[PDB]
Structure formats: C-alpha cells, structure tokens
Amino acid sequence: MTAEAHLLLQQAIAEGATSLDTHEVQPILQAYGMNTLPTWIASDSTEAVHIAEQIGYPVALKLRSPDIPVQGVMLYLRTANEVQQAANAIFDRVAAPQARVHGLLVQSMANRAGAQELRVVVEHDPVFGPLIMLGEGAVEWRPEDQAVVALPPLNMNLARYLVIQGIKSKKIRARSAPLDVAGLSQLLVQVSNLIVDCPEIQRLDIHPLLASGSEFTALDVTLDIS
C-alpha cells in the first residue's frame, strides 16, 4: 500500500541511496498497481544458484551496483553450473573493488517473442513539472522527436486519447507479432498516480516495459530520488 511506499522512499534517502533499481522499487510500483518482474538479490555465486533453483530456469543475472549505464547482463542461464560460472564471472569481473556491489540481480527470463517492448520515462520540466514520456523500447531515445507526452494528473480518458494519437502519429506501433490501448492507458494513469503521490521521485525509467496484450510488465526500473 502507499504509506509503505513513502516510508521506503524516505528511508532510502536517509541512507543516501539516490538511485533505486528494480528489486528496490518493486513494492513501490505494486502499491500503485504496476507489475514488475520478480527480482532477487545475490551476494554470493552460491546465493545466485540458490535463487535460480527456486525461480526455475532460464534465468538472467545483472550486476547490482550504482555503476553501469561492459559485461553486467548474462541472459539465458539454463543450468545451476551456468549460473555459478556467470556469477563468478561478474563477481570476479568486479574493475576495482571500489563499487559497493551488495551483489547481483537474479530474475527469470521473460517471454519476449511476440511482445512489444516500450519505454516509459518521467522527467521534470522547469515550467511544466513532471512529464511522462512513452516511446518504443530501444537505446535511441529522442523524447522531443519521437515520444507521447503526458502531464500528471492523467485520467483514463485523456490517457487513451494520447495513446491513440501516438499510434496514429506512428510514434508507438498499433500492434506487432495487438497493443491493448486500455492497458497501456491504465499503466500511464498508474505512473501518474505514483508521480503525483511521490514528489521525492526525480526520475523514473521503465526500460523496457513489456507489452503482451493484457499484461504490461516492467522488466528493469530505475528510480532516482532526492
């Protein structure tokens, strides 16, 4: 629920964590109705294996440090031995020991085959306040050039209108290997609710947001706070 989200953000700030990653933001997103790929934490290659055994294979491993924007992501790990070899490779890759690793992110592999990858960024405009920007999942991000733009507070009616116009302008695809407009719109309203309620959030980046008809799932999430 929400009150836990504020306490989680305030305590992260007090501890000096100004950038929260996918495992840290998962309860905050869920308290606004948004789905995140379950994401666990491994300090040891022995722990990464243990997590992988529970999740079920295949698994991904990503380095939990405030550093990467080299190595870091290891996908399609299908066996306990592959997890251990990959965990040792990233843990030992470390390349000075000055990063506070805490450990490594472990998560199940998502079915991306027939799904669209979107991106949702929230940045602050000096005049207009928080801007929600929705575009296609990819490294190149020209927000002014190729993005749907919403200003909180967003209602479902305006969210749907902005998504439809974004499809018509070819900024977002109508479908690929059928984009549920009602679900993309609902997601934008949830982002808007979160931003309205949590002005601590300086930046929010869902990269990518996976679209599989009815289900929209955030695969990686970064939350900058101050």
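Residues carry their position along the shown sequence, with the first being 1.
Enquirer: Are any deposited residues left out of the model between residue 149 and residue 150, and how many (none, 1 to 3, 4 to 9, 10 or more)?
Expert: In the deposited sequence, nothing is left without coordinates between these two.
Enquirer: Per the entry, how many residues of the deposited chain go unmodelled between residue 56 and residue 57: none, 1 to 3, 4 to 9, or 10 or more?
Expert: Per the record, no deposited residues are absent between residue 56 and residue 57.
Enquirer: Give the stretch, out of 151-159 and 96-104, with the larger mean C-alpha temperature factor in the deposited entry.
Expert: Per the PDB entry, the higher value belongs to 96-104.
Enquirer: When the Cα temperature factors in the entry are averaged, is it 56-64 or 196-204 that ends up higher?
Expert: Per the PDB record, 56-64.
Enquirer: From the list 118, 80, 127, 139, select the residue with the highest C-alpha B factor recorded in the entry.
Expert: It is 139.
Enquirer: Going by the deposited entry, which of 90, 134, 109, 131 has the highest CA temperature factor?
Expert: Answer, based on the entry's C-alpha B-factors: 90.
Enquirer: Ranked by Cα temperature factor within the chain, is residue 19 in the lowest third, the middle third or the highest third?
Expert: For residue 19, the deposited C-alpha B-factor lands in the middle third.
Enquirer: Could you look up the Cα B-factor of residue 51 in the entry and say which third of the chain it sits in: lowest, middle or highest?
Expert: Its C-alpha B-factor, which the entry lists for residue 51, ranks in the middle third among residues of this chain.
Enquirer: Looking at the temperature factor on the CA atom of residue 10, which third of the chain's modelled residues does it land in?
Expert: Within its chain, residue 10 is a lowest-third residue by C-alpha B-factor, going by the deposited values.
Enquirer: Classify residue 190 as lowest, middle or highest third according to the C-alpha B-factor given in the PDB entry, relative to its own chain.
Expert: Lowest third, going by the recorded CA B-factors of the chain.
Enquirer: Using the B-factor values recorded in the entry, state whether the Cα atom of residue 225 falls in the lowest, middle or highest third among the modelled residues of its chain.
Expert: Bottom third by C-alpha B-factor.
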